[PDB]
């Protein structure tokens, strides 16, 4: 499972990526500051935008193959998020769940550290709070 697509979007979010990493690098999720939450939100939304663009605009060498599989996984998640096939953007292995995976991987490949399930949980909990009124109607 390649990460070419993920990398192109991260390489276009360096400011928001560094900001998230520095702000969280040694943090503990059970005691997060306003600014830590917001550092996570700002990165996830930046990734959201780039990846959504990637799927909608079909930015992918369909001839590649390992890349095309990666692309189809994102497409699947998008169509399960935006209402076109389903409406569960915060479901396990869906859109935001995959966005959090990209965020933990980016920290790892930058500063060596390994976040796990506890960080992922708090990210998902932030993404539901900050981003639920993007999909729903009150």
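Residue numbers count along the first chain shown, from 1.
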Comparing 65-73 with 93-101, the higher average Cα temperature factor in the PDB entry belongs to 65-73
Given 74-82 and 23-31, the range whose Cα B-factors average higher in the PDB entry
23-31
Listed options 87, 57, 106, 36: highest C-alpha B factor recorded at 36
Once the chain's modelled residues are ordered by C-alpha B factor and cut into thirds, is residue 40 in the lowest, middle or highest one?
middle
